[PDB]
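This is final01.cif. It holds mmCIF, C-alpha atoms.
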```cif
data_coords
#
loop_
_atom_site.label_atom_id
_atom_site.label_comp_id
_atom_site.auth_asym_id
_atom_site.auth_seq_id
_atom_site.Cartn_x
_atom_site.Cartn_y
_atom_site.Cartn_z
CA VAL A 1 10.99 -20.45 2.59
CA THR A 2 9.33 -18.04 0.14
CA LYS A 3 7.65 -14.65 0.80
CA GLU A 4 4.28 -16.31 0.18
CA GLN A 5 4.97 -18.92 2.86
CA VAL A 6 5.95 -16.19 5.36
CA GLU A 7 2.77 -14.33 4.48
CA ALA A 8 0.49 -17.38 4.70
CA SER A 9 1.84 -18.73 8.01
CA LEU A 10 1.47 -15.33 9.63
CA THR A 11 -1.98 -14.86 8.10
CA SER A 12 -3.52 -18.17 9.24
CA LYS A 13 -2.30 -17.57 12.79
CA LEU A 14 -2.42 -13.86 13.52
CA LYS A 15 -5.52 -12.98 11.44
CA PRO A 16 -3.94 -9.68 10.42
CA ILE A 17 -5.90 -6.61 9.36
CA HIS A 18 -2.70 -5.54 7.63
CA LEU A 19 0.44 -7.57 7.06
CA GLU A 20 3.57 -6.50 5.22
CA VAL A 21 6.39 -8.94 4.48
CA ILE A 22 9.47 -7.62 2.66
CA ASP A 23 12.14 -10.01 1.39
CA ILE A 24 15.37 -8.10 2.10
CA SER A 25 17.65 -10.91 0.97
CA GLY A 26 17.41 -10.02 -2.72
CA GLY A 27 14.59 -12.49 -3.32
CA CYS A 28 16.62 -15.34 -1.84
CA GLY A 29 13.79 -16.07 0.61
CA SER A 30 16.32 -16.02 3.46
CA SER A 31 15.80 -12.70 5.28
CA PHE A 32 12.66 -10.66 5.96
CA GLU A 33 11.19 -7.53 7.52
CA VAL A 34 7.62 -7.91 8.81
CA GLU A 35 4.88 -5.48 9.94
CA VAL A 36 1.66 -6.90 11.44
CA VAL A 37 -1.57 -5.24 12.59
CA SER A 38 -4.16 -7.42 14.39
CA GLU A 39 -6.78 -7.15 17.13
CA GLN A 40 -5.13 -10.25 18.60
CA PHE A 41 -2.39 -7.90 19.84
CA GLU A 42 -4.83 -5.97 22.05
CA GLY A 43 -4.39 -6.71 25.76
CA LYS A 44 -0.83 -7.91 25.26
CA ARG A 45 2.45 -6.16 26.06
CA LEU A 46 4.98 -6.19 23.21
CA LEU A 47 7.03 -9.16 24.48
CA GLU A 48 3.88 -11.33 24.43
CA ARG A 49 3.05 -9.98 20.96
CA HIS A 50 6.53 -10.82 19.69
CA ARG A 51 6.04 -14.36 21.03
CA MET A 52 2.81 -14.66 19.01
CA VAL A 53 4.57 -13.67 15.78
CA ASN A 54 7.47 -16.04 16.50
CA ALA A 55 5.09 -18.91 17.25
CA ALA A 56 3.26 -18.16 13.98
CA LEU A 57 6.39 -18.44 11.79
CA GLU A 58 7.95 -21.24 13.85
CA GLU A 59 8.86 -23.41 10.83
CA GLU A 60 10.43 -20.53 8.89
CA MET A 61 12.57 -19.52 11.83
CA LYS A 62 14.45 -22.82 11.57
CA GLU A 63 15.80 -21.79 8.17
CA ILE A 64 16.00 -17.98 7.80
CA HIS A 65 19.09 -15.83 8.30
CA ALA A 66 17.33 -12.67 9.53
CA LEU A 67 13.93 -11.47 10.73
CA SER A 68 12.98 -7.91 11.64
CA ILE A 69 9.52 -7.66 13.15
CA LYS A 70 8.94 -3.91 12.94
CA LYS A 71 5.31 -3.51 14.00
CA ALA A 72 2.92 -5.77 15.94
CA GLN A 73 0.20 -3.17 16.24
CA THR A 74 -3.37 -2.88 17.42
CA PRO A 75 -5.49 -1.16 14.75
CA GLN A 76 -5.56 1.87 17.04
CA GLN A 77 -1.75 2.11 17.00
CA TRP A 78 -1.69 1.55 13.24
CA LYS A 79 -4.18 4.39 12.76
CA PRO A 80 -4.08 6.76 15.76
CA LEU B 1 23.82 -24.10 20.97
CA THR B 2 24.55 -27.15 23.13
CA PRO B 3 22.72 -27.76 26.43
CA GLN B 4 25.69 -26.27 28.36
CA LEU B 5 25.61 -23.16 26.18
CA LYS B 6 21.83 -22.97 26.69
CA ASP B 7 22.27 -23.20 30.47
CA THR B 8 24.91 -20.46 30.36
CA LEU B 9 22.70 -18.28 28.13
CA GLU B 10 19.78 -18.71 30.53
CA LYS B 11 21.94 -17.54 33.44
CA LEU B 12 23.49 -14.75 31.36
CA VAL B 13 20.20 -13.16 30.26
CA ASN B 14 18.91 -13.29 33.85
CA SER B 15 22.10 -11.83 35.36
CA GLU B 16 20.92 -8.21 35.07
CA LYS B 17 17.34 -6.90 34.71
CA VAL B 18 18.22 -5.55 31.25
CA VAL B 19 20.92 -7.17 29.06
CA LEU B 20 21.93 -5.82 25.63
CA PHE B 21 23.91 -8.11 23.36
CA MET B 22 25.30 -5.75 20.74
CA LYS B 23 27.97 -4.93 18.19
CA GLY B 24 30.54 -3.13 20.34
CA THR B 25 30.34 -1.71 23.86
CA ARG B 26 27.97 0.86 25.37
CA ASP B 27 30.64 3.60 25.10
CA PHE B 28 31.72 2.40 21.64
CA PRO B 29 28.94 0.85 19.58
CA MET B 30 30.30 -0.43 16.26
CA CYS B 31 27.06 -0.26 14.27
CA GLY B 32 24.22 2.27 14.04
CA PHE B 33 21.47 -0.19 15.00
CA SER B 34 23.45 -1.03 18.15
CA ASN B 35 23.93 2.68 18.89
CA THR B 36 20.20 3.37 18.53
CA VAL B 37 19.38 0.90 21.32
CA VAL B 38 22.15 2.17 23.62
CA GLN B 39 20.87 5.74 23.18
CA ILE B 40 17.31 4.58 23.96
CA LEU B 41 18.49 2.93 27.20
CA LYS B 42 20.29 6.18 28.09
CA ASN B 43 17.21 8.28 27.24
CA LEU B 44 15.21 6.15 29.66
CA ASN B 45 18.17 6.07 32.13
CA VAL B 46 18.08 2.27 32.35
CA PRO B 47 20.97 0.51 34.04
CA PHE B 48 21.98 -2.45 31.83
CA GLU B 49 24.70 -4.97 30.97
CA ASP B 50 26.19 -4.55 27.48
CA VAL B 51 27.81 -7.61 25.89
CA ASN B 52 30.00 -7.47 22.76
CA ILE B 53 29.10 -10.30 20.37
CA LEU B 54 31.63 -9.20 17.71
CA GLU B 55 34.36 -10.85 19.75
CA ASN B 56 32.47 -14.05 20.55
CA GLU B 57 31.17 -16.06 17.57
CA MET B 58 29.78 -18.95 19.66
CA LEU B 59 27.87 -16.51 21.86
CA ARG B 60 26.59 -14.71 18.76
CA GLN B 61 25.34 -17.91 17.15
CA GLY B 62 23.88 -19.33 20.35
CA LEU B 63 21.99 -16.10 21.07
CA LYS B 64 20.65 -16.03 17.49
CA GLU B 65 18.95 -19.37 18.20
CA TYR B 66 18.07 -18.65 21.85
CA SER B 67 16.22 -15.42 21.00
CA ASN B 68 15.25 -16.78 17.58
CA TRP B 69 16.46 -13.38 16.32
CA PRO B 70 19.41 -13.73 13.94
CA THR B 71 20.68 -10.11 13.93
CA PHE B 72 22.17 -7.84 16.60
CA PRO B 73 21.48 -5.92 18.84
CA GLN B 74 19.30 -8.25 20.91
CA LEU B 75 17.71 -6.75 24.02
CA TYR B 76 16.58 -8.98 26.90
CA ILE B 77 14.54 -7.62 29.80
CA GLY B 78 13.49 -9.59 32.89
CA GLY B 79 15.42 -12.63 31.69
CA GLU B 80 13.33 -12.85 28.51
CA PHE B 81 14.13 -11.72 24.98
CA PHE B 82 12.25 -8.47 24.45
CA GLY B 83 13.34 -7.72 20.92
CA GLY B 84 15.81 -6.53 18.32
CA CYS B 85 16.51 -2.95 17.23
CA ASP B 86 13.21 -2.44 15.36
CA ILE B 87 11.10 -3.89 18.18
CA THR B 88 13.02 -1.72 20.67
CA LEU B 89 12.58 1.48 18.63
CA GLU B 90 8.83 0.99 18.26
CA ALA B 91 8.64 0.16 21.98
CA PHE B 92 10.47 3.42 22.79
CA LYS B 93 7.99 5.33 20.59
CA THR B 94 5.00 3.75 22.39
CA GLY B 95 6.25 3.71 26.00
CA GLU B 96 6.13 -0.10 26.03
CA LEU B 97 9.88 -0.42 26.53
CA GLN B 98 9.69 1.72 29.65
CA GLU B 99 6.76 -0.43 30.82
CA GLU B 100 8.85 -3.60 30.46
CA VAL B 101 11.94 -2.10 32.14
CA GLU B 102 9.69 -0.89 34.96
CA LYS B 103 8.20 -4.38 35.25
CA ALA B 104 11.66 -5.93 35.49
CA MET B 105 13.11 -3.38 37.95
CA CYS B 106 10.04 -3.65 40.20
CA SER B 107 9.97 -7.48 40.10
#
```
Here is the file; what I need is its structure written in the form of structure tokens.
Amino acid sequence: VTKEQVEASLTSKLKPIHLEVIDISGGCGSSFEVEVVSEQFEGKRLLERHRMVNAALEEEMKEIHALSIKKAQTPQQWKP
Amino acid sequence: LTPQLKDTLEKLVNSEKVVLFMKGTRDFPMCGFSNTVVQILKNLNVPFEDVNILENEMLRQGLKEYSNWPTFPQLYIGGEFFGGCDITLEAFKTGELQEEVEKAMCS
């Protein structure tokens, strides 16, 4: 797992308007914090949105030691 | 997790409408991220079951894979993993946590 792989797998799936991925593992590629903004999140309660992000990074999840999805926002939540 | 542990975890997360697997107990959280979620559930006056993963390594590791969320606290609502501390905080700030607790309590 690298930051670029986290970013690409989330991008191809979630079509984000903004994505942030932060490696918090010291560049080890083992733990991340993630913020996503997408119109795909509209119409979905947060549990369903969390499932979309988890399905997007399904391969990475098998290896990483932490994940902190912080935001899974509509553009309207991102910019009130 | 083994299939027995998975079956136990499925029953365990469904046992109460809101279940919080955390570092410590609801009166004595042992970590600030765990305390933040307990205070949110008290702000919203949610009855819940608190479970101390610091004293059960097999539970801790099984839950990490079951929720696919390797850190604690882990909050489950309606028998489904809702989120970790960051998901829960943003849900408290948007009202979405209250919507999910309401969904579970009314189901």
Inset, instruction - Determine the nearest neighbour of residue 78 in chain A from the options B:94, B:26, B:12, B:99, counting all atoms listed in the file. - result: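 Among B:94, B:26, B:12, B:99, it is B:94 that comes nearest to residue 78 in chain A.
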Inset, instruction - Go through B:96, B:27, B:102, B:50 and flag the residue nearest chain A, using only C-alpha atoms for the distances. - result: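 For chain A, the nearest of the candidates is B:96.
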Legend entry - Near-residue 6 in chain B list (10 Å; only C-alpha atoms; drop same-chain fewer than 4 positions) as a count of residues only: 9
Inset, instruction - Compile the residues of chain A that lie within 7 Å of chain B, evaluated using only C-alpha atoms, and express the compilation as a list in words. - result: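 Close enough to count are residues 46, 47, 61, 65, 66, 67, 68, 69 and 70 of chain A.
Excluding residue 56 in chain B itself and any same-chain residue fewer than 4 positions from it, the protein and nucleic acid residues within 12 Å of it, counting all atoms listed in the file, are residues 21, 22, 23, 24, 51, 52, 60, 61, 62 and 63 of chain B.
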Inset, instruction - Tell me which residues the PyMOL selection byres ((chain A and resi 13) around 10) grabs here, as a ChimeraX atom specification. - result: /A:8-12,14-16,40,52-53,55-57
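Proximity of A:21, A:43, A:33, A:50 to residue 72 in chain A, computed with all atoms listed in the file, is greatest for A:50.
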Legend entry - Test item: residues at most 8 Å from residue 73 in chain A, all atoms listed in the file, excluding those fewer than 4 positions along its chain, as number ranges by chain: A: 36-38, 41, 77-78
Filtering to C-alpha atoms, could you give me those residues as a PDB file, keeping the file's coordinate frame?
```pdb
ATOM      1  CA  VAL A  36       1.660  -6.900  11.440  1.00  0.00           C
ATOM      2  CA  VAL A  37      -1.570  -5.240  12.590  1.00  0.00           C
ATOM      3  CA  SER A  38      -4.160  -7.420  14.390  1.00  0.00           C
ATOM      4  CA  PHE A  41      -2.390  -7.900  19.840  1.00  0.00           C
ATOM      5  CA  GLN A  77      -1.750   2.110  17.000  1.00  0.00           C
ATOM      6  CA  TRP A  78      -1.690   1.550  13.240  1.00  0.00           C
TER       7      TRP A  78
END
```
